[PDB]
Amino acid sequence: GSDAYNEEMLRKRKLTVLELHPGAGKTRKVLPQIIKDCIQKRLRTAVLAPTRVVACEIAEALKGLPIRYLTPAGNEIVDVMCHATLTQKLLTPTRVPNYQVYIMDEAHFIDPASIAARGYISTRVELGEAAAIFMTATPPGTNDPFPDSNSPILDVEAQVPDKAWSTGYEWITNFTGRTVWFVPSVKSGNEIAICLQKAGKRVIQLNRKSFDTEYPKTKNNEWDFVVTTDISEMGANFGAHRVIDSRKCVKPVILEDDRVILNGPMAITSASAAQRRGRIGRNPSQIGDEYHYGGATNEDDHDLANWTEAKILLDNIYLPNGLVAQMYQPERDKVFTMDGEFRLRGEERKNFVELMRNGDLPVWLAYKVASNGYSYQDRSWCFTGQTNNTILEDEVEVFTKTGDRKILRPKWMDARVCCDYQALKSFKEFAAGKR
């Protein structure tokens, strides 16, 4: 694919993918060119970043242009927001400008709200109401683990250990410079960190929890190893020389529409493998950048909660005249449910929104509660299943809004609300009517 923008990509019915090499040297000389042109042509433009990190990067690039920065809360016709901000506005009937132009950065993001916004955007574009530009090193549909790069990358199939080692693995410990090592879980990373410091290496550990505090500590490069989960596949830049990829993740997976579990280690998609690899090969300067990788790559991931969630969101975004919001074309092969299967109506839909918005419940859980006639402030469903016992140690008592010391045992189990301590406590709060 190509990285070259031209102004013909802004006429209505156009959907373009700019396949950019990872670097600031293109996205942040390109995005401004597109935005200047949208201003030149008086086009109501929406610019969509995956995370808060990438929006503050986009804002920097566009400083001194008339841009409005949106959040969940007059001369500017160009609005910057998170993928999730768009999808939220769509779900919760809040007025959104008739955007003639959507620019989605990291348009591979496999996050329920991203998929669903790609679905809505592509639909509007098909109908002749808008143009769209999706920017991504790894477009949906592509299946290439080793894409184009800025510098050459040396790709190396290798024995990569998932726990500490005493002997062997000279290649890992010899290395002069700087390594990003992608792991499935923190515990696996913890084990590997300790092994590394028992070879006098210095290791920053990045995960969803540690990220905001530790990501900045790597910016000054006084480290030999960053040991990271898939948090670092998106909006995370390093001065590294090589990448070691286990080629594994842990994902929320649906078993049985009756249980979501966190299943791993399993094999990552080719997009994830490309993004992990994509931390190196960024600077034409640095030529001996390497990528040592473990297991194989797998695109059969229908099981993932994320794909059912995206579809739940999409079915609940409304369009005039019996039109059907479909997924971006390359991602339709992931949805197996009928169009409008998950559509909720009136009371059920308002509760669905409030349970995600004010409830902080996963899309899947929120759907299951609203699906079954249950209201926002009714929490009876938390204590009226069986063998769905959440446990601290050995059985979690809770002190309700209205009396009892009821035992917590919800009708539906989502691992994502009892996988942490902050997760569980937050879910305890919820059963207890206390938000």
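Residue numbers run from 1 along the displayed sequence.
Where residue 256 is followed by residue 257 in the displayed chain, the model omits 1 to 3 of the deposited residues that sit between the two. The entry shows a gap from residue 73 to residue 74, with 4 to 9 unmodelled residues of the deposited sequence in between. A summary of the deposited B-factors shows that, of 425-433 and 4-12, the stretch with the larger mean C-alpha value is 425-433. Look at the mean CA B-factor for 144-152 and for 121-129 in the entry; the higher one is 144-152.
Of the residues listed, 313, 199, 104, 206, the entry assigns the biggest Cα temperature factor to 199. Looking only at 233, 157, 300, 341, the residue with the top Cα B factor in the deposited structure is 157. Ranked by Cα temperature factor within the chain, residue 248 sits in the lowest third according to the deposited record.
Ranked against the other modelled residues of its chain, the C-alpha B-factor of residue 108 as given in the entry falls in the lowest third. Sort the chain's modelled residues by C-alpha temperature factor and residue 177 lands in the highest third, per the entry. Per the PDB record, residue ranking by Cα B-factor puts residue 399 in the highest third of the chain.
Sorting the modelled residues of the chain by their CA temperature factor places residue 336 in the middle third.
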